[PDB]
Amino acid sequence: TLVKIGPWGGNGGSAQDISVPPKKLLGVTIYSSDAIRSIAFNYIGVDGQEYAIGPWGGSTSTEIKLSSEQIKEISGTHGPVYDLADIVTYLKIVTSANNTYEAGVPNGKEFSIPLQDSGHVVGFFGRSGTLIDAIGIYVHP
Amino acid sequence: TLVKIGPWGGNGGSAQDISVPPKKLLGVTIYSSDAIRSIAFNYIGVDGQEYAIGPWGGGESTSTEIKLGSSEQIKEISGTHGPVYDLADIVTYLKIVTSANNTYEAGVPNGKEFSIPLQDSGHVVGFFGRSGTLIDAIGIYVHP
Ligand SMILES: CC(=O)N[C@H]1[C@H](O[C@@H]2[C@@H](O[C@@H]3[C@H](O)[C@H](O)O[C@H](CO[C@H]4O[C@H](CO)[C@@H](O)[C@H](O)[C@@H]4O[C@@H]4O[C@H](CO)[C@@H](O)[C@H](O)[C@H]4NC(C)=O)[C@H]3O)O[C@H](CO)[C@@H](O)[C@@H]2O)O[C@H](CO)[C@@H](O[C@@H]2O[C@H](CO)[C@H](O)[C@H](O)[C@H]2O)[C@@H]1O
């Protein structure tokens, strides 16, 4: 059973999610400028099938390759950009191998999920249009 | 006395144009990501005055700034227009080449092409078109 946390961000765009619960996160690609513009990710679902999700959204790429490497901390901001009121503007991801990735520009209210013990992020959900209006996470205990 | 060519692109947005005919183009700023988002330009009118036009369309953190030397001319302009996001026909890509072998690109080639390679002394001195949140369509004024 996965923990599902979020979303953080605004009401714009359309809700996005995944149907097969993730077992294992294989990688994440984020495109960003002054806002988080898109996210894509591939995972092995609990059914043992690979799913290539996205991209959700619509610049600068941030590519996150993960066999024993897990997302252990995820944080960011959401706020006003591009005459839109509340968009995910910044993301920071730290892995169990101590690799740190940043995308976007800190702007607005913060959120942060520092996972202890064996917890790790295995997938995402949220809201999107031309940008990532809101983002949420699936967490494997 | 000026040649006016275009526009290329869709029918969305609002029409944009300039009232004082351009004599000399000083610079162009293009804002773009996957498509052309806005254009601004400064020129000397036939009346000897400097006009700062727009930005037509919406802004971006990322601009392509085309500052033209006192003898530098836009000699070739080309691009594409097609569907992006949920819009049918937007200017998606521009390529500008000056007489000093300076090349500028914006957007991502996507859709039908247009191209205006000017020979002899012809050169682009201004623009018109259609804009909203993006550049729906673009056209040019050409000084012979
Ligand atoms: C593309 C997308 O996924 N859109 C979903 C939308 O998300 C909204 C979207 O807003 C975008 C930002 O505003 C952006 O940077 O600018 C984008 C383009 O805006 C022009 O075009 C749209 C139509 O596509 C117009 O609505 C805009 O007013 C805007 O204005 C026009 O500018 C053009 C170009 O110059 C010109 O041609 C027009 O004439 C001019 N209009 C006027 C009046 O002058 C814009 O698309 O993304 C942001 C950021 O992510 C979100 O915050 C926005 O909410 O959300 C809706 C839901 O609210 C989605 O529709 C749903 O889609 C699902 C399927 O996913 C299902 O079909 C639902 O039924 C449907 O409601 C939409 O897909």
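Cβ: placed from backbone, ideal geometry, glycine included. Neighbour counts: every protein chain shown. The numbers here are math on the coordinates, done by the rules we state, and not lab data.
Between B:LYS95 and B:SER78, B:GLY79, the built amide H atoms are under 5 Å apart, and every one of these is 5 or more places off in sequence or on another chain. Among residues other than B:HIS143 with Cβ under 9 Å from its Cβ, the summed charge is +2 (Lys and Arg +1, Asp and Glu -1). Our summary of shape: the Cα atoms of segment A:1-125 have principal axis extents of 42, 29, 25 Å, ordered from largest down, in whole angstrom.
Taking the empirical scaling 2.2 N^0.38 Å for compact globular proteins as reference, the protein assembly as shown has a Cα radius of gyration ratio of 1.22.
Summing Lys and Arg as +1 and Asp and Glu as -1 over all other residues whose Cβ lies under 15 Å from the Cβ of B:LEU87 gives a net charge of -1. The HN-Hα couplings worked out from phi for segment A:33-43 by the Karplus form 6.51 cos²θ - 1.76 cosθ + 1.60 (θ = phi - 60°) are 9, 7, 10, 7, 8, 7, 9, 9, 7, 10, 8 Hz, whole numbers, x standing for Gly and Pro. How much net charge surrounds B:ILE74 when only the other residues with a Cβ under 13 Å from the Cβ of B:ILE74 are counted, with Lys and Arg +1 and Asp and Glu -1? Residues close to B:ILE74 contribute a combined charge of +2.
Select from B:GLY111, B:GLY69, B:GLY129 the residue whose mean-square fluctuation is largest in a Gaussian network model of chain B (Cα-Cα springs shorter than 10 Å). Checking each option, the largest mean-square fluctuation is seen for B:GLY69. Listed by chain and number, the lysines whose alpha-carbon sits under 24 Å from that of A:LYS24, ignoring those within fewer than 8 places in the same chain, are A:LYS4, A:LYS65, A:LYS72, A:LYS92.
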